[PDB]
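> Those sequence lines, one after another, are chains A and B.
Mapping the first sequence onto my numbering, position 371 (from 1) lands on 371, and the numbers just tick up by one.
For my numbering, count along the second sequence from 1 and bump the result up by 1000.
All C-beta atoms in this analysis are idealised placements derived from N, C-alpha and C, irrespective of residue type, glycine included.
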Amino acid sequence: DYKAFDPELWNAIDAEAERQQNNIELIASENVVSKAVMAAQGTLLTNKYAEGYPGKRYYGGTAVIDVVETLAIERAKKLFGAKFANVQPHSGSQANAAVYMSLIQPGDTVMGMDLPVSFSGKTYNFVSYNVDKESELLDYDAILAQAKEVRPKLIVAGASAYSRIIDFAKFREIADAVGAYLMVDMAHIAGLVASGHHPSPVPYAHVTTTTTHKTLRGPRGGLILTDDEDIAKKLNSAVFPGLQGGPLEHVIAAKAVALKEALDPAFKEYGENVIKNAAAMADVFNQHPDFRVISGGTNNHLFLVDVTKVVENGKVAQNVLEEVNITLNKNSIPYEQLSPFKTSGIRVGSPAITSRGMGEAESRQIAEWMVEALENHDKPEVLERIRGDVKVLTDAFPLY
Amino acid sequence: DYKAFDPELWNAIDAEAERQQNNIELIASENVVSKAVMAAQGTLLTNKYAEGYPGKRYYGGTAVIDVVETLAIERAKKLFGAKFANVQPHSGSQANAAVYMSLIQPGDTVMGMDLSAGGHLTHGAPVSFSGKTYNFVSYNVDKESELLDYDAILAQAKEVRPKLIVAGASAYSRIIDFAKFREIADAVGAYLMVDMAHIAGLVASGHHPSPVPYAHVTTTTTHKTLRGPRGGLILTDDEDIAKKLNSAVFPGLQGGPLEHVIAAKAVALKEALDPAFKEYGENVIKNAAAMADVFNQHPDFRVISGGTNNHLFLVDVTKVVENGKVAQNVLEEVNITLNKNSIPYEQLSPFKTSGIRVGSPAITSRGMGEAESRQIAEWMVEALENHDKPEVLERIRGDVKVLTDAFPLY
Ligand SMILES: C[As](C)(=O)[O-]
Ligand SMILES: C[As](C)(=O)[O-]
Ligand code: NA
């Protein structure tokens, strides 16, 4: 009965389990992990610190830990079709940083989308590309022309708010045309890569990185993939001892569990439902005349909506929707005119509601509420009614 | 019944539980966390991503997370007597990075306790646009006493002119005088940082003088002697420094924090505020000193500095086996894990070393007392004396099993 020793803490945990149950989570980077992933991170593997890699540990006592890590490695390789995997990065940003350390020098130019900078932002010269102004799509010819001016040593593809399929073969063609490495950060789409709904970057990127959380639905953490053995060896040294000490083996256990879950046929259905639910919500905004969806829609788990014909800015929209138990985030839109603190947009995502079992009917309802709530932002008695309706829905879809 | 879905992973967890049961853990940085700490880490807090600090988050949905994180902050402040605490650093190396970014500039000179007197091993040093990190200049212990000589450290600091002096060690066995370190830093115009990661649990238990009133910034891991989850913590009494630290940690180094791990930090911090934690710290101190005594008395082994006042010590094994690496492999044959380790003025190559490092926290957390600790060190002596005799190693291994069986891990 450990909970009796510390009630303030353990009651706050029940309060969060309750809050999550009454919230509609549309933050596009969020998800809902399995009990098995949680339990894996809650094991006594946290007691064992195991510097180095399997079969090449500094300290002894690591034969079992080597089995666990090898499982995560093999499942990652299998799931994403790569020859080399490193499951030790503590986060997606550590994973990226290792790639920078292994391929380019301090001071080199890196081009990336809509700026994957994190703590590396002062070590390298990051230069941003985004989308064409009219189509709001990637324009590979403009990106090539930009890369010919800037001459990056490394190009990064991947973004946290682009709704459309990325053509990784074209990124690699661009990279090869100016002699740059390609890295892809698939953090946001990794689960859709794993489900088959997004084309894989693995055959085209020199190195691919990802978080294990987000669409892949695992624990917080990183992963790096490559087909090139000389690069693998640099990556492994950059992660340890370059950036990190010993790995979090209990989190690696949880990566294993999540990777197995993503190898299951059922994960393909989840990814289909993610695609469908996002599409359904985007359709509600597309139909309405006072909301515009960026690029006109989505082929992935998210979209951006320009809300400025109905409320002043994306920050206001986020606050209003919090009133009705719906969380999401404000988000700059392409060629954003407003202030980075205000923005003209919101970003809406489907993975978390999909993981609690909601389908297209529910998704469409949720977006009706959003429209309604936003249209009546100044009418607290309306907000309260939507809130009541939201509660009926959350009650019908238990979180665990 | 999730384990039925993945027996290969879940059978491996069971095997590691049993392996820990059968092992005597003497790695000085290891410990055994409570069931509550593990459970906390294994909560649904992992689903909530909350950039910013409590009451100042970017996204909504963060009211309960704020309570959890404020609990950790308040407990850390209360346990360590600090005016400001940041519990978001994902690791001890990050907490250290934040400190460097907040107080000094790339290329500045930093004096720190060398990698063998008993010093750390800097992972993730932040890198400038021109490729500079910091000019690390190390100080040592005195060659004859193997103690810190504060006059020689002052004299060095006057020649070298560091901007930052770092104190704290992964292998020094004696009490550090943090007031003197502060005095030396003030004398040459440097900041003092203390990385208390190894001794934090002893700081918390009253058994090691606190650095907190003397360091401009104190860092630690939440694991090791403090016996919590993997992660970091930064303490300061200066509000202007606190503000820089907080920005360096987020968005400078990290995104959003690991709120489930922060929950586990709150758990551990409360365990450590408990009066029983002071008994744990006493036992830690006693168990280490009992092991060191076996080595002191034996004529073919020498304890660095002649003994210990904390959780660990080093032994020169070179009269008995060729190097610390051999010693480490030999002991593994008997179900005892420790690490090789350089000793002050080490003559052997860093991959061999003259020494082993032994620690008491993990045996203490299993309930072992002085008699057990003494028995363990006699076994090590014997194992090492008979390194080339597998029948003797086998027999010691069988006696280790009787002990481990009598002191269940969980
Ligand atoms: C800034 As994010 C982790 O919500 O894409
Ligand atoms: C570098 As260590 C965590 O074994 O003292
Ligand atoms: Na529309």
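Any beta carbon of chain A sitting closer than 8 Å to that of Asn-1339 of chain B?
So yes, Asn-1339 of chain B belongs to the interface.
> Which of the residues in the segment 7-21 of chain A, read from start to end, lie with their CB under 7 Å from any CB of chain B?
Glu-8, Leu-9, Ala-12, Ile-13, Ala-15, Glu-16, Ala-17, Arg-19, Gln-20
> Kindly indicate the opening and closing residues of the beta strand (DSSP E) around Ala-85 of chain A.
84-86
> What residue range is occupied by the uninterrupted beta strand (DSSP E) comprising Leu-182 of chain A?
181-185
> For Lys-315 of chain A, would you say it is in contact with chain B, using Cβ-to-Cβ distances shorter than 8 Å as the test?
So no, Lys-315 of chain A is outside the interface.
> Measuring only between beta-carbons, confirm whether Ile-1027 of chain B sits less than 8 Å from chain A.
The C-beta of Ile-1027 of chain B comes closer than 8 Å to at least one C-beta of chain A.
> Would you kindly work out how many angstroms separate the C-alpha atoms of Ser-1305 of chain B and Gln-1254 of chain B, rounded to a whole number?
If you take the alpha carbons of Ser-1305 of chain B and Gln-1254 of chain B, they lie about 40 Å apart.
> Just checking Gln-94 of chain A against ligand 3 - is the residue's beta carbon closer than 7 Å to any of the ligand's heavy atoms?
no
> Does ligand 5 have a heavy atom nearer than 7 Å to the CB of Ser-29 of chain A?
In the structure shown, ligand 5 is absent; the only ligands present are ligand 1, ligand 2 and ligand 3.
> Indicate the three-state DSSP secondary structure (helix, strand or coil) for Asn-1047 of chain B in the structure shown.
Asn-1047 of chain B carries a helical assignment under DSSP once its states are collapsed to helix, strand and coil.
> Report the partner residues of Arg-292 of chain A according to the DSSP bridge assignment.
A:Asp-306
> Rounded to a whole number of angstroms, what is the C-alpha to C-alpha distance between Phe-1005 of chain B and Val-37 of chain A?
12 Å
> Could you please give the first and the last residue of the uninterrupted beta strand (DSSP E) stretch that includes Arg-1357 of chain B?
1355-1359
> Does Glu-1025 of chain B come out as helix, strand or coil in the three-state DSSP assignment?
strand
> Helix, strand or coil, according to DSSP, for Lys-1340 of chain B in the structure here?
strand
> Starting from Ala-1242 of chain B, trace the beta strand (DSSP E) both ways and give me its first and last residue.
Note, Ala-1242 of chain B: premise wrong, no beta strand (DSSP E); alpha helix (DSSP H) at 1239-1247.
> Counting C-beta neighbours from all protein chains within 10 Å, is the total for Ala-396 of chain A 16 or more, i.e. buried, or is it exposed?
exposed
> Using only the alpha-carbon positions, how far apart do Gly-221 of chain A and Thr-211 of chain A sit?
5 Å
> What residues match up with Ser-128 of chain A in a beta bridge as DSSP calls it?
A:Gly-112
> Could you name the residues of the same chain whose beta carbon sits closer than 6 Å to that of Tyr-1150 of chain B, not counting the 5 residues immediately before and after it, in chain order?
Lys-1180
> Counting only runs of 3+ residues fully inside the segment 1065-1107 of chain B, write out the beta strand (DSSP E) ranges in chain order.
1084-1086
> Considering Cα atoms alone, identify which of B:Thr-1043, B:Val-1267, B:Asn-1011, B:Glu-1051 is closest to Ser-29 of chain A.
B:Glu-1051
> Residues of chain B with CB under 8 Å from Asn-31 of chain A, in chain order?
Result: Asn-1047.
> Can you pull the chain B residues whose beta carbon is under 8 Å from the beta carbon of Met-38 of chain A, in chain order?
By Cβ distance, chain B contributes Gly-1042, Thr-1043, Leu-1044, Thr-1046.
> One question on the structure: do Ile-1104 of chain B and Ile-1363 of chain B come within less than 8 Å of each other, judged by their Cβ atoms?
Their beta carbons are not under 8 Å apart, which means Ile-1104 of chain B does not touch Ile-1363 of chain B by this criterion.
> Is the Cβ-Cβ distance between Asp-1142 of chain B and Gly-1168 of chain B less than 8 Å?
Not in contact: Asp-1142 of chain B and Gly-1168 of chain B (Cβ atoms no closer than 8 Å).
> Quick check on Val-1033 of chain B: does DSSP put it in helix, strand or coil?
coil
> Can you tell me which of the three DSSP states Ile-224 of chain A falls into?
In this structure, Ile-224 of chain A counts as strand in the three-state DSSP scheme.
> Is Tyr-1049 of chain B near ligand 1, going by C-beta to nearest heavy atom under 7 Å?
yes
> Evaluate contact between the segment 1080-1096 of chain B and the segment 1238-1246 of chain B, counting only Cβ atoms and requiring at least three cross-stretch pairs below 8 Å.
yes
> Taking its Cβ as the centre, do 16 or more other Cβ atoms sit within 10 Å of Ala-177 of chain A, making it buried, or is it exposed?
Its Cβ having fewer than 16 others within 10 Å, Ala-177 of chain A is exposed.
> Should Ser-295 of chain A be counted as a contact of ligand 2 given a C-beta to heavy atom distance under 7 Å?
no
> Taking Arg-347 of chain A as the reference, give the member of A:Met-101, A:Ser-355, A:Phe-126, A:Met-370 with the closest Cα.
A:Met-370
> Alpha carbon to alpha carbon, how far is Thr-1062 of chain B from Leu-1393 of chain B?
Approximately 56 Å between the Cα atoms of the pair.
> Grouping DSSP H, G and I as helix and E and B as strand, with all else coil, what is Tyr-1002 of chain B?
Secondary structure at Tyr-1002 of chain B: helix, using DSSP grouped into helix, strand and coil.
> Run through chain B and tell me which residues come within less than 7 Å of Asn-23 of chain A, C-beta to C-beta.
Those within 7 Å of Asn-23 of chain A in chain B are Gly-1061.
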